[PDB]
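Visitor: Next up is a structure, given as structure tokens.
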Amino acid sequence: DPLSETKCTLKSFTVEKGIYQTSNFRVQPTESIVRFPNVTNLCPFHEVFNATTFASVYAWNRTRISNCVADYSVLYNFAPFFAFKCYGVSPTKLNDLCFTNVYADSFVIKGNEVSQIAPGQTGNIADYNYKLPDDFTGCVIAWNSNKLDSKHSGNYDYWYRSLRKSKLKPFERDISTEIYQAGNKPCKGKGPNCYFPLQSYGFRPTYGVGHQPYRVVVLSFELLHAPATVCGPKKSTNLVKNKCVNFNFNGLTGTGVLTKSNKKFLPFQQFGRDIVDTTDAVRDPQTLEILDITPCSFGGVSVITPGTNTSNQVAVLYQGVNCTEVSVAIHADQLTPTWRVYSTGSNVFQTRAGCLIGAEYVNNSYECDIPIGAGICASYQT
Amino acid sequence: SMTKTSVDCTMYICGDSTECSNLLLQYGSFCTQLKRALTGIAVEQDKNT
Amino acid sequence: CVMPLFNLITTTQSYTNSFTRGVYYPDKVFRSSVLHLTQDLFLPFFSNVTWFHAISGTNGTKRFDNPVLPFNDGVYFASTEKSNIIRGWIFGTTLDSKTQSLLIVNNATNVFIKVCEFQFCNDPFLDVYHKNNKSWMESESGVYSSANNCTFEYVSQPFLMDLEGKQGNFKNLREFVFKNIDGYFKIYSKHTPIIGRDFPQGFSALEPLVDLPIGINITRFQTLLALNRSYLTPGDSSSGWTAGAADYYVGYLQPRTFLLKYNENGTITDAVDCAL
Amino acid sequence: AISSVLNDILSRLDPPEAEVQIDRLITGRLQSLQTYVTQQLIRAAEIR
Amino acid sequence: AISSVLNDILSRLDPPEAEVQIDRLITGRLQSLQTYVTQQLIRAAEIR
Amino acid sequence: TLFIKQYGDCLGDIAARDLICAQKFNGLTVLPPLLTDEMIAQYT
Ligand SMILES: *[C@@H]1O[C@H](CO)[C@@H](O[C@@H]2O[C@H](CO)[C@@H](O)[C@H](O)[C@H]2NC(C)=O)[C@H](O)[C@H]1NC(C)=O
Ligand SMILES: *[C@@H]1O[C@H](CO)[C@@H](O[C@@H]2O[C@H](CO)[C@@H](O)[C@H](O)[C@H]2NC(C)=O)[C@H](O)[C@H]1NC(C)=O
Ligand SMILES: *[C@@H]1O[C@H](CO)[C@@H](O)[C@H](O)[C@H]1NC(C)=O
Ligand SMILES: *[C@@H]1O[C@H](CO)[C@@H](O)[C@H](O)[C@H]1NC(C)=O
Ligand SMILES: *[C@@H]1O[C@H](CO)[C@@H](O)[C@H](O)[C@H]1NC(C)=O
Ligand SMILES: *[C@@H]1O[C@H](CO)[C@@H](O)[C@H](O)[C@H]1NC(C)=O
Ligand SMILES: *[C@@H]1O[C@H](CO)[C@@H](O)[C@H](O)[C@H]1NC(C)=O
Ligand SMILES: *[C@@H]1O[C@H](CO)[C@@H](O)[C@H](O)[C@H]1NC(C)=O
Ligand SMILES: *[C@@H]1O[C@H](CO)[C@@H](O)[C@H](O)[C@H]1NC(C)=O
């Protein structure tokens, strides 16, 4: 009850007369909604997983995945997953979020160079054949391919680039086979100061595990920047307005009330923002309707007590909220503090500081004792 | 006198987040102090007027 | 690749101020009645641009001005014409089939975007001429020889663009902004009626139009001109390929901090540079 | 951290990994609140 | 941090790992600046 | 020219969102002065 909350707040078993601040009431949501696009066709990860050949790192295969539903459960169906580590995104949470553009990249990497596929890594492979961005926000699955890409005579079909004037910027592809020049002497062919940049792995099945070939698939998804088209298989429910609910709009979680919008979104925009840079309006992916997002009512709670020695009666002041909203939330059992003060019609008073519940409003005027706010004071009188 | 402002920590720092709220208790009383200071300032404003 | 013999004229590059044009929406996020300070690749205020012209003379000499211009970090393209001589642009580094290139062709009924290892001619152009003396049609044979290793084909935008008429001057104030993102190529456009003769003083936001996730390398850009086999200027008996008057301006982007003013209503109404 | 919205970090990360981002944002916001309270206290002294 | 010179950390380390040390130095110098400003404000009130 | 008045409702964001409404939505509330300006005027 509020008096016990005040006792906890003061860390004392006796409460002196006054008004104390205890906690912050909050209208808790009732339902939870999810709105996801109509797309149902499954993205074809197996095709880039059933790639009969893997391109060389210097010209690594790159494919885009979009306009489909992504089910990352098929990744676990693959057996080896030698290195399954996701940057910036929980591998378990992969099934719920929504990504705009998914980029899938595949290649065959050196056995001990797997750890070099990471932001800012040092080494030949890191900054001469394949460079990841420093702000990588995707996932990557690596596994050995010795029993698929090893020949007894040696695999010379795959190559890497080792000689070049400058290191490669992240996500840059170099395919030229021009000779390398050392110093200032011009180069016209194989010889001094001129070497072929491309060298072969020379993979052999007899080589050790650290020397074994390794197939790697890179799944780099860019985060929420509005035009989301690749979404998880989470089913969508009906939309409810004018009720504090937990929404999930295309991967944007939160809690607030939804209503029709008078703001006119232009066709390209997806969701609006506040001046303080908080999400304010969201366009419904299915019905293409623009809705506001207003957080459910809250505010501080102040307990007015005449002193625990005089009496145990208390009066609660719900700061900055109309009595209509507080009464509706109490009737719907939504307020976070669950010690509802008894209301008998005449125990509800609407001050400019908030809603006063538990105190009767008289028409008289005395030298006020307990200050509430905006010219209103409370006291214990017969 | 000046405007009396009261600020709620948990809503400002970890607004509607059980995990962040639990992680906030590890910082001791860095919020009872803020609430006490702001309440004292507000009472002082009323006393000034 | 068939090019008729023409009295080619060396390109004239007149210089003019850029005024306040070149403001586009940095992102899809909607804001209203805010003063947003942003850092992006804008066009610096009161900058200088390379003004080209393209016309066919009455003396048998036709000005064929399609030089090769650096892309750097961006290009602000503004065009104004009557017969839509500027039918597209070509993007690349070495302009050959060795590396992939980006090409855009206006079909006058739709907009074509092809990104392949095209093999262009010395002066590629779109062949538009009459068929059976009844209809106008265009051909892409004169631009590229063959297409190989195609990675992105796009056919959309069934809009004729200039349709209101030619009230002020062809009503064809057409502005484009091309940004060479690491994995994107963005196009922003806006069509405005003429106020004056050319390059009026005013402000107009550039809403995004089409997004391309090609993720290719671009270093150079070139513009394509429409060549019609006569039958354009009345009273002219010269049976040869003629091109109408064409004017366009290219501005170069730079990393600048702007201050966009979204109104209380949705659209950008004003912007202020932070280093002018 | 990786995002300024706690809901995004909570949704996109496992709890043990999200602890670090949550703690970084907590430190930043606590520093901001401390600065605001100190400035308010000095202004309150001047106003008094 | 490893060193008190920004250029040394920048040159000797790759960007992603040096981010942590640069953030540590940034936090330290920000705390120093905020402490200086706070004491200046208090002394300004006393002098006023 | 100036706070709380009766801002418990944000008018349903009829015309964008004001600064005060945005501040209120993240634990930033303004308590009203104890003496309303009518009482200050009466004292004066
Ligand atoms: C990567 O390899 C694939 C074949 O494994 C190439 O062909 C693509 O195949 C996928 C299905 O596996 C199709 O959806 C694509 O349309 C194909 N692309 C084509 C035909 O251009 C693919 O081209 C290769 N990509 C690179 C960058 O080398
Ligand atoms: C703001 O956008 C609205 C979209 O309706 C435009 O408001 C209309 O303005 C005209 C011209 O004054 C009025 O006749 C209409 O009654 C308005 N409609 C409303 C208010 O719903 C308005 O033109 C835009 N303002 C600009 C572009 O400056
Ligand atoms: C991938 O591998 C086998 C052949 O190696 C093929 O039969 C199978 O269908 C493929 N997987 C999927 C999911 O299509
Ligand atoms: C793009 O091509 C240019 C010109 O050849 C070259 O200098 C540059 O390094 C290339 N950039 C990338 C990212 O491949
Ligand atoms: C999704 O389906 C609904 C009807 O179920 C339709 O109104 C809406 O336009 C669809 N959205 C698309 C096709 O993007
Ligand atoms: C643009 O170039 C011309 C070349 O003569 C130069 O005079 C002019 O100042 C330039 N404009 C700006 C804004 O620097
Ligand atoms: C242009 O559109 C016509 C139909 O209007 C179509 O048949 C043709 O293939 C398109 N492309 C051209 C002519 O390059
Ligand atoms: C297309 O790809 C093939 C196969 O890698 C390659 O040999 C060829 O040079 C590329 N370009 C063209 C124009 O065919
Ligand atoms: C509360 O309801 C009363 C009675 O209609 C009204 O006068 C007052 O403005 C309302 N306040 C809010 C915040 O809705």
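Numbering starts fresh at 1 for the residues of each chain in the structure tokens, the chains themselves are lettered A, B, ... in the order given, and ligands are numbered from 1 as they appear.
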Let me see if you get this right: every residue at most 9 Å from ligand 1, counting only C-alpha atoms and all ligand atoms, written as a PyMOL selection string.
Guide: (chain A and resi 44-55+59-65+105-106) or (chain C and resi 149-152)
Visitor: Keeping C-alpha atoms, export the residues of the selection given above as a CSV table (one decimal), in the first residue's frame.
Guide:
```csv
chain,number,residue,atom,x,y,z
A,44,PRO,CA,17.5,-19.9,-51.5
A,45,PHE,CA,20.4,-20.3,-49.2
A,46,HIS,CA,20.9,-23.9,-50.3
A,47,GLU,CA,21.8,-22.8,-53.8
A,48,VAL,CA,24.7,-20.8,-52.5
A,49,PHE,CA,25.3,-23.7,-50.1
A,50,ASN,CA,25.1,-26.3,-52.9
A,51,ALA,CA,27.6,-24.3,-55.0
A,52,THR,CA,29.5,-27.1,-56.8
A,53,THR,CA,32.4,-24.7,-57.2
A,54,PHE,CA,33.7,-21.9,-55.0
A,55,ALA,CA,35.2,-18.9,-56.6
A,59,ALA,CA,37.2,-12.8,-57.3
A,60,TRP,CA,34.9,-14.1,-54.6
A,61,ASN,CA,31.3,-15.0,-55.5
A,62,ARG,CA,28.8,-12.4,-54.3
A,63,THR,CA,25.0,-12.8,-54.5
A,64,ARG,CA,22.2,-10.7,-53.1
A,65,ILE,CA,19.2,-12.0,-51.2
A,105,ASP,CA,29.4,-14.1,-50.2
A,106,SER,CA,31.2,-17.4,-50.7
C,149,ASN,CA,28.0,-11.3,-67.8
C,150,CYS,CA,25.0,-9.2,-67.0
C,151,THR,CA,24.4,-8.7,-63.3
C,152,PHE,CA,21.5,-6.2,-63.1
```
Visitor: Fit chain E to chain D, using all C-alpha atoms paired in sequence order for the least-squares superposition, and then show me the result as a PDB file with N, CA and C atoms, in the first residue's frame.
Guide:
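To be explicit, this is the file written out as out_15.pdb:
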```pdb
ATOM      1  N   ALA E   1      28.033   2.447 -28.095  1.00  0.00           N
ATOM      2  CA  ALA E   1      27.220   1.260 -28.287  1.00  0.00           C
ATOM      3  C   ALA E   1      26.836   1.111 -29.757  1.00  0.00           C
ATOM      4  N   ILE E   2      26.242  -0.038 -30.078  1.00  0.00           N
ATOM      5  CA  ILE E   2      25.805  -0.290 -31.447  1.00  0.00           C
ATOM      6  C   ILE E   2      24.688   0.667 -31.840  1.00  0.00           C
ATOM      7  N   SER E   3      23.729   0.887 -30.945  1.00  0.00           N
ATOM      8  CA  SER E   3      22.575   1.714 -31.261  1.00  0.00           C
ATOM      9  C   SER E   3      22.154   2.485 -30.021  1.00  0.00           C
ATOM     10  N   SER E   4      21.381   3.543 -30.246  1.00  0.00           N
ATOM     11  CA  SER E   4      20.871   4.379 -29.169  1.00  0.00           C
ATOM     12  C   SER E   4      19.504   3.937 -28.672  1.00  0.00           C
ATOM     13  N   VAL E   5      18.944   2.867 -29.228  1.00  0.00           N
ATOM     14  CA  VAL E   5      17.639   2.360 -28.824  1.00  0.00           C
ATOM     15  C   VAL E   5      17.869   1.087 -28.023  1.00  0.00           C
ATOM     16  N   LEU E   6      17.332   1.057 -26.802  1.00  0.00           N
ATOM     17  CA  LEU E   6      17.545  -0.087 -25.925  1.00  0.00           C
ATOM     18  C   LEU E   6      16.917  -1.351 -26.499  1.00  0.00           C
ATOM     19  N   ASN E   7      15.713  -1.230 -27.062  1.00  0.00           N
ATOM     20  CA  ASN E   7      15.004  -2.403 -27.565  1.00  0.00           C
ATOM     21  C   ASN E   7      15.746  -3.047 -28.728  1.00  0.00           C
ATOM     22  N   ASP E   8      16.376  -2.237 -29.580  1.00  0.00           N
ATOM     23  CA  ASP E   8      17.123  -2.786 -30.708  1.00  0.00           C
ATOM     24  C   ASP E   8      18.292  -3.639 -30.230  1.00  0.00           C
ATOM     25  N   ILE E   9      19.072  -3.124 -29.277  1.00  0.00           N
ATOM     26  CA  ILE E   9      20.184  -3.897 -28.734  1.00  0.00           C
ATOM     27  C   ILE E   9      19.667  -5.146 -28.040  1.00  0.00           C
ATOM     28  N   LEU E  10      18.560  -5.015 -27.307  1.00  0.00           N
ATOM     29  CA  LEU E  10      18.003  -6.153 -26.587  1.00  0.00           C
ATOM     30  C   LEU E  10      17.577  -7.260 -27.542  1.00  0.00           C
ATOM     31  N   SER E  11      16.910  -6.896 -28.637  1.00  0.00           N
ATOM     32  CA  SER E  11      16.384  -7.895 -29.560  1.00  0.00           C
ATOM     33  C   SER E  11      17.477  -8.492 -30.436  1.00  0.00           C
ATOM     34  N   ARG E  12      18.426  -7.675 -30.894  1.00  0.00           N
ATOM     35  CA  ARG E  12      19.396  -8.161 -31.865  1.00  0.00           C
ATOM     36  C   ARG E  12      20.521  -8.959 -31.224  1.00  0.00           C
ATOM     37  N   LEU E  13      20.692  -8.870 -29.909  1.00  0.00           N
ATOM     38  CA  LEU E  13      21.821  -9.490 -29.231  1.00  0.00           C
ATOM     39  C   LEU E  13      21.343 -10.471 -28.170  1.00  0.00           C
ATOM     40  N   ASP E  14      22.199 -11.443 -27.865  1.00  0.00           N
ATOM     41  CA  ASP E  14      21.993 -12.289 -26.707  1.00  0.00           C
ATOM     42  C   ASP E  14      22.264 -11.487 -25.436  1.00  0.00           C
ATOM     43  N   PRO E  15      21.696 -11.902 -24.306  1.00  0.00           N
ATOM     44  CA  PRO E  15      21.869 -11.142 -23.058  1.00  0.00           C
ATOM     45  C   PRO E  15      23.331 -10.904 -22.711  1.00  0.00           C
ATOM     46  N   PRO E  16      24.171 -11.949 -22.602  1.00  0.00           N
ATOM     47  CA  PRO E  16      25.518 -11.712 -22.046  1.00  0.00           C
ATOM     48  C   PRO E  16      26.363 -10.745 -22.857  1.00  0.00           C
ATOM     49  N   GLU E  17      26.267 -10.781 -24.185  1.00  0.00           N
ATOM     50  CA  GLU E  17      27.040  -9.840 -24.987  1.00  0.00           C
ATOM     51  C   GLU E  17      26.423  -8.448 -24.958  1.00  0.00           C
ATOM     52  N   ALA E  18      25.092  -8.364 -24.980  1.00  0.00           N
ATOM     53  CA  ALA E  18      24.417  -7.076 -24.900  1.00  0.00           C
ATOM     54  C   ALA E  18      24.601  -6.402 -23.550  1.00  0.00           C
ATOM     55  N   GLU E  19      25.053  -7.138 -22.531  1.00  0.00           N
ATOM     56  CA  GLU E  19      25.289  -6.527 -21.228  1.00  0.00           C
ATOM     57  C   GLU E  19      26.306  -5.400 -21.326  1.00  0.00           C
ATOM     58  N   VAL E  20      27.355  -5.586 -22.129  1.00  0.00           N
ATOM     59  CA  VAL E  20      28.396  -4.567 -22.242  1.00  0.00           C
ATOM     60  C   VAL E  20      27.831  -3.288 -22.847  1.00  0.00           C
ATOM     61  N   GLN E  21      27.067  -3.417 -23.934  1.00  0.00           N
ATOM     62  CA  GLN E  21      26.524  -2.232 -24.589  1.00  0.00           C
ATOM     63  C   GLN E  21      25.473  -1.551 -23.721  1.00  0.00           C
ATOM     64  N   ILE E  22      24.657  -2.337 -23.019  1.00  0.00           N
ATOM     65  CA  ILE E  22      23.672  -1.752 -22.118  1.00  0.00           C
ATOM     66  C   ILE E  22      24.367  -1.010 -20.987  1.00  0.00           C
ATOM     67  N   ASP E  23      25.472  -1.564 -20.482  1.00  0.00           N
ATOM     68  CA  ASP E  23      26.244  -0.871 -19.459  1.00  0.00           C
ATOM     69  C   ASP E  23      26.841   0.419 -20.001  1.00  0.00           C
ATOM     70  N   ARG E  24      27.291   0.405 -21.256  1.00  0.00           N
ATOM     71  CA  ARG E  24      27.843   1.616 -21.856  1.00  0.00           C
ATOM     72  C   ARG E  24      26.782   2.708 -21.962  1.00  0.00           C
ATOM     73  N   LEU E  25      25.587   2.343 -22.428  1.00  0.00           N
ATOM     74  CA  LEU E  25      24.501   3.315 -22.513  1.00  0.00           C
ATOM     75  C   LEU E  25      24.091   3.806 -21.130  1.00  0.00           C
ATOM     76  N   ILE E  26      24.075   2.908 -20.144  1.00  0.00           N
ATOM     77  CA  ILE E  26      23.739   3.298 -18.780  1.00  0.00           C
ATOM     78  C   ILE E  26      24.750   4.300 -18.250  1.00  0.00           C
ATOM     79  N   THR E  27      26.038   4.055 -18.497  1.00  0.00           N
ATOM     80  CA  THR E  27      27.066   4.991 -18.055  1.00  0.00           C
ATOM     81  C   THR E  27      26.899   6.346 -18.728  1.00  0.00           C
ATOM     82  N   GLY E  28      26.644   6.349 -20.037  1.00  0.00           N
ATOM     83  CA  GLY E  28      26.472   7.615 -20.734  1.00  0.00           C
ATOM     84  C   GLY E  28      25.292   8.411 -20.212  1.00  0.00           C
ATOM     85  N   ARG E  29      24.152   7.745 -20.038  1.00  0.00           N
ATOM     86  CA  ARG E  29      22.967   8.449 -19.566  1.00  0.00           C
ATOM     87  C   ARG E  29      23.107   8.877 -18.111  1.00  0.00           C
ATOM     88  N   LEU E  30      23.797   8.087 -17.288  1.00  0.00           N
ATOM     89  CA  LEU E  30      24.055   8.503 -15.915  1.00  0.00           C
ATOM     90  C   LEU E  30      24.945   9.734 -15.875  1.00  0.00           C
ATOM     91  N   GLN E  31      25.971   9.779 -16.726  1.00  0.00           N
ATOM     92  CA  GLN E  31      26.817  10.965 -16.780  1.00  0.00           C
ATOM     93  C   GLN E  31      26.022  12.182 -17.227  1.00  0.00           C
ATOM     94  N   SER E  32      25.128  12.003 -18.204  1.00  0.00           N
ATOM     95  CA  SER E  32      24.289  13.114 -18.646  1.00  0.00           C
ATOM     96  C   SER E  32      23.394  13.615 -17.517  1.00  0.00           C
ATOM     97  N   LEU E  33      22.768  12.690 -16.788  1.00  0.00           N
ATOM     98  CA  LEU E  33      21.901  13.082 -15.681  1.00  0.00           C
ATOM     99  C   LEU E  33      22.686  13.788 -14.586  1.00  0.00           C
ATOM    100  N   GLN E  34      23.868  13.270 -14.249  1.00  0.00           N
ATOM    101  CA  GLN E  34      24.669  13.887 -13.199  1.00  0.00           C
ATOM    102  C   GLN E  34      25.142  15.274 -13.609  1.00  0.00           C
ATOM    103  N   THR E  35      25.512  15.449 -14.878  1.00  0.00           N
ATOM    104  CA  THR E  35      25.881  16.776 -15.353  1.00  0.00           C
ATOM    105  C   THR E  35      24.707  17.739 -15.258  1.00  0.00           C
ATOM    106  N   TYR E  36      23.518  17.292 -15.669  1.00  0.00           N
ATOM    107  CA  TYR E  36      22.345  18.155 -15.573  1.00  0.00           C
ATOM    108  C   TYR E  36      22.081  18.549 -14.129  1.00  0.00           C
ATOM    109  N   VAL E  37      22.160  17.583 -13.213  1.00  0.00           N
ATOM    110  CA  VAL E  37      21.877  17.866 -11.810  1.00  0.00           C
ATOM    111  C   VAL E  37      22.911  18.824 -11.237  1.00  0.00           C
ATOM    112  N   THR E  38      24.180  18.658 -11.613  1.00  0.00           N
ATOM    113  CA  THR E  38      25.222  19.543 -11.100  1.00  0.00           C
ATOM    114  C   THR E  38      25.013  20.975 -11.576  1.00  0.00           C
ATOM    115  N   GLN E  39      24.734  21.154 -12.869  1.00  0.00           N
ATOM    116  CA  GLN E  39      24.481  22.506 -13.359  1.00  0.00           C
ATOM    117  C   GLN E  39      23.223  23.091 -12.739  1.00  0.00           C
ATOM    118  N   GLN E  40      22.208  22.259 -12.494  1.00  0.00           N
ATOM    119  CA  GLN E  40      21.010  22.738 -11.817  1.00  0.00           C
ATOM    120  C   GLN E  40      21.322  23.198 -10.403  1.00  0.00           C
ATOM    121  N   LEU E  41      22.184  22.469  -9.693  1.00  0.00           N
ATOM    122  CA  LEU E  41      22.556  22.872  -8.340  1.00  0.00           C
ATOM    123  C   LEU E  41      23.312  24.193  -8.346  1.00  0.00           C
ATOM    124  N   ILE E  42      24.235  24.362  -9.293  1.00  0.00           N
ATOM    125  CA  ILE E  42      24.991  25.612  -9.367  1.00  0.00           C
ATOM    126  C   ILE E  42      24.062  26.779  -9.685  1.00  0.00           C
ATOM    127  N   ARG E  43      23.175  26.590 -10.664  1.00  0.00           N
ATOM    128  CA  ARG E  43      22.226  27.642 -11.000  1.00  0.00           C
ATOM    129  C   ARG E  43      21.263  27.913  -9.855  1.00  0.00           C
ATOM    130  N   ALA E  44      20.904  26.883  -9.089  1.00  0.00           N
ATOM    131  CA  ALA E  44      20.048  27.078  -7.928  1.00  0.00           C
ATOM    132  C   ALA E  44      20.744  27.917  -6.873  1.00  0.00           C
ATOM    133  N   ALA E  45      22.039  27.684  -6.660  1.00  0.00           N
ATOM    134  CA  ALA E  45      22.784  28.524  -5.725  1.00  0.00           C
ATOM    135  C   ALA E  45      22.822  29.973  -6.195  1.00  0.00           C
ATOM    136  N   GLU E  46      23.075  30.189  -7.487  1.00  0.00           N
ATOM    137  CA  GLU E  46      23.109  31.558  -8.000  1.00  0.00           C
ATOM    138  C   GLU E  46      21.748  32.239  -7.867  1.00  0.00           C
ATOM    139  N   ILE E  47      20.675  31.521  -8.200  1.00  0.00           N
ATOM    140  CA  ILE E  47      19.332  32.082  -8.098  1.00  0.00           C
ATOM    141  C   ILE E  47      18.951  32.323  -6.647  1.00  0.00           C
ATOM    142  N   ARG E  48      19.403  31.472  -5.725  1.00  0.00           N
ATOM    143  CA  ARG E  48      19.135  31.722  -4.315  1.00  0.00           C
ATOM    144  C   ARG E  48      19.868  32.961  -3.829  1.00  0.00           C
TER     145      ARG E  48
END
```
Visitor: Write out as a ChimeraX atom specification each polymer residue whose atoms come within 8 Å of residue 222 of chain A, counting only C-alpha atoms; drop sequence neighbours fewer than 6 positions from it.
Guide: /A:99-102,137-138
Visitor: Got a sec: who's within 10 Å of residue 22 of chain A, counting only C-alpha atoms, leaving out chain neighbours fewer than 4 positions off, as a PyMOL selection string?
Guide: chain A and resi 2-10+300-303
Visitor: List the spatial neighbours of residue 187 of chain C as a list in words - criterion: any atom at most 12 Å away, only C-alpha atoms, same-chain residues fewer than 5 positions off excluded.
Guide: residues 24, 25, 26, 74, 75, 76, 77, 104, 113, 175, 176, 177, 178, 179, 180, 181, 206, 207, 208, 209, 210, 211, 212 and 213 of chain C
Visitor: Can those selected residues be exported to a file as a compact mmCIF listing (two decimals), in the first residue's frame so that it contains N, CA and C atoms?
Guide:
```txt
# COMPACT_ATOMS: atom_id res chain seq x y z
N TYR C 24 19.19 17.37 -51.35
CA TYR C 24 18.41 16.15 -51.43
C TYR C 24 18.19 15.58 -50.04
N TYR C 25 17.23 14.68 -49.93
CA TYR C 25 16.91 14.09 -48.63
C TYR C 25 17.99 13.08 -48.26
N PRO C 26 18.72 13.29 -47.16
CA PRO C 26 19.79 12.35 -46.82
C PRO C 26 19.31 10.94 -46.53
N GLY C 74 30.71 12.37 -56.33
CA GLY C 74 29.32 12.55 -56.69
C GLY C 74 29.20 13.51 -57.85
N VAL C 75 28.00 13.53 -58.43
CA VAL C 75 27.71 14.38 -59.58
C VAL C 75 26.27 14.87 -59.46
N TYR C 76 26.09 16.19 -59.55
CA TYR C 76 24.77 16.80 -59.60
C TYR C 76 24.48 17.14 -61.05
N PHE C 77 23.50 16.46 -61.63
CA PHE C 77 23.18 16.60 -63.04
C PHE C 77 21.85 17.33 -63.18
N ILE C 104 22.06 3.74 -68.62
CA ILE C 104 20.65 4.08 -68.50
C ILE C 104 20.16 4.58 -69.85
N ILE C 113 17.48 0.44 -67.28
CA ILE C 113 18.76 0.45 -66.58
C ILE C 113 19.40 -0.91 -66.75
N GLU C 175 16.61 17.63 -62.58
CA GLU C 175 17.81 17.58 -61.75
C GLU C 175 18.03 16.16 -61.25
N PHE C 176 19.27 15.69 -61.34
CA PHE C 176 19.65 14.38 -60.82
C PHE C 176 20.90 14.49 -59.96
N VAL C 177 20.98 13.61 -58.97
CA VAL C 177 22.13 13.51 -58.08
C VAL C 177 22.53 12.05 -58.01
N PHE C 178 23.78 11.75 -58.34
CA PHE C 178 24.29 10.38 -58.32
C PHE C 178 25.35 10.26 -57.24
N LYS C 179 25.16 9.31 -56.32
CA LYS C 179 26.09 9.07 -55.23
C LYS C 179 26.66 7.66 -55.36
N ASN C 180 27.99 7.56 -55.35
CA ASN C 180 28.67 6.28 -55.51
C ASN C 180 28.95 5.66 -54.14
N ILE C 181 27.88 5.16 -53.53
CA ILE C 181 28.03 4.44 -52.27
C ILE C 181 28.79 3.14 -52.50
N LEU C 206 15.29 17.79 -53.37
CA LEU C 206 15.43 16.69 -54.32
C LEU C 206 15.06 15.39 -53.63
N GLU C 207 13.81 14.97 -53.81
CA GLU C 207 13.36 13.72 -53.21
C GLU C 207 14.00 12.53 -53.93
N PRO C 208 14.33 11.46 -53.22
CA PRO C 208 14.88 10.28 -53.89
C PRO C 208 13.85 9.63 -54.79
N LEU C 209 14.34 9.05 -55.89
CA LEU C 209 13.48 8.41 -56.88
C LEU C 209 13.72 6.91 -56.96
N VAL C 210 14.95 6.48 -57.23
CA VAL C 210 15.26 5.08 -57.47
C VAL C 210 16.56 4.74 -56.75
N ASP C 211 16.62 3.55 -56.16
CA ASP C 211 17.81 3.07 -55.47
C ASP C 211 18.34 1.83 -56.19
N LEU C 212 19.64 1.82 -56.47
CA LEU C 212 20.29 0.71 -57.15
C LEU C 212 21.34 0.09 -56.25
N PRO C 213 21.16 -1.16 -55.80
CA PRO C 213 22.19 -1.86 -55.01
C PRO C 213 23.18 -2.63 -55.88
```
Visitor: Any idea what's packed within 10 Å of segment 142-156 of chain A, counting only C-alpha atoms, ignoring anything in its chain fewer than 5 positions away? Could you give it as a PyMOL selection string?
Guide: chain A and resi 52-54+78-85+106-111+114+199-218
Visitor: Which one is closest to chain F: C:217, C:33, C:66, C:223? Count only C-alpha atoms.
Guide: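 The shortest atom-to-atom distance to chain F comes from C:33.
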